[PDB]
């Protein structure tokens, strides 16, 4: 059904205000430490943990925003290479990210953590645009 895509689009647009709440759940990423990363990744990447809430919210914006620029920025964040693995994939367990973080040296964890702090600065910009679209 072509109307099935219309309904899906309507639903995704309806989810926009909700992605903002998901981005709120991602705030601890700004102060995540390399030790915390190793220790908490499985929690951060499951349920509504910060990394999974981040991935899910960004995907919602990428698919539900009616502003092309916001869709592009969300897509760019999701594909951003974090330690060599796309940010999107950091929001799940049982995959490449879980393995990488398990075998990570102190230096790699530091690099990953710093990249995550940097991502949160860009999230602020994307959020400003989305809050504007929602209002």
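Positions refer to the first chain, counted from 1.
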item	value
Mean temperature factor over C-alpha atoms, higher-scoring stretch between 5-13 and 120-128	5-13
Per the entry, higher mean C-alpha B factor between 53-61 and 68-76	68-76
Top residue by Cα temperature factor, when 82, 32, 44, 102 are compared in the entry	102
Maximum C-alpha temperature factor, selected from 87, 97, 108, 26	108
